[PDB]
Amino acid sequence: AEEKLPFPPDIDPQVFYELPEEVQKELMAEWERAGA
Amino acid sequence: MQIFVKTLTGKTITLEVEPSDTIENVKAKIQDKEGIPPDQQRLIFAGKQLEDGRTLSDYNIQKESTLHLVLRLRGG
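Quick look at the structure, then.

### Structural notes on the packing of aromatic side chains
Residue and element names in this part refer to chain A.
Okay, so step 1: Per the counting criterion, the structure on display carries 4 aromatic pairs over all chains.
Okay, so step 2: Pairing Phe7 with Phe16 gives two aromatic rings, centres 6.4 Å apart and planes at 25 degrees, and the pair type is stacked.
Okay, so step 3: Residue classification places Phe16 among the buried residues on the basis of a relative accessible area of 0%.
Okay, so step 4: On the numbers, 4.8 Å between centres and 70 degrees between planes, the contact of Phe16 with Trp31 is edge-to-face. A residue pair is termed long-range when its members are at least 10 positions apart, and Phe16 in the segment before α1 (21-30) and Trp31 in the segment after α1 qualify at 15 residues. In this pair, the class of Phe16 matches that of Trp31, namely buried.
Okay, so step 5: A network of ring pairs unites the aromatic residues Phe7, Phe16, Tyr17 and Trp31 as a single cluster.

As structure tokens, then:
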């Protein structure tokens, strides 16, 4: 949560948190495997 | 007629559709507007997380219904 995730480019947590967790959370796990 | 698919950056793709197109046709028009692979597209409408074998009429989607996009990243 140290903003270690792929921020700030390609996405913003105001253009993808506009969802149910069920797909924001998969994004939050997809970035973990993305290299983050 | 043309829906407003808001992408992961706040931009709004706008492309023509019909109640005889399908949820894979909207991804194919997005593949024209952005060149994004339908294999990573994850089109959504009010969070009713759309399918890939329906029609816009099947969801009472209108010509400016607005949608969202939340692509897959796969691994790299």
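### What to know about helix α1 (residues 23-33) of chain B
Spacing of three or four residues puts side chains on the same side of an α-helix, whose turn is 3.6 residues.
Residues and elements named next belong to chain B.
Okay, so step 1: Taken residue by residue, α1 has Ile23, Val26, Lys27 and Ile30 as its buried positions. Taken end-on, α1 shows its buried residues confined to a sector of 100 degrees, consistent with a single buried face.
Okay, so step 2: In the core, the buried residues of α1 are packed alongside β1 (3-6) and β2 (12-15).
Okay, so step 3: At the exit of α1 stands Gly35, carrying a positive phi of roughly 75 degrees.

What counts and how
- Residues numbered from 1 in each chain as written, not as in the entry; some residues may be left out.
- Chains lettered and ligands numbered in written order.
- Heavy atoms only, no water.
- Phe/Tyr/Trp six-rings, centres within 6.5 Å; stacked < 30°, edge-to-face > 60°.
- Buried < 20%, exposed > 50% of the residue type's maximum accessible area, 1.4 Å probe, protein only.
- Helix = DSSP H or I, 4+ residues; strand = E, 2+ residues; numbered from the N terminus.
- Arc of directions from axis to C-beta.
- Contact = heavy atoms within 4.5 Å.

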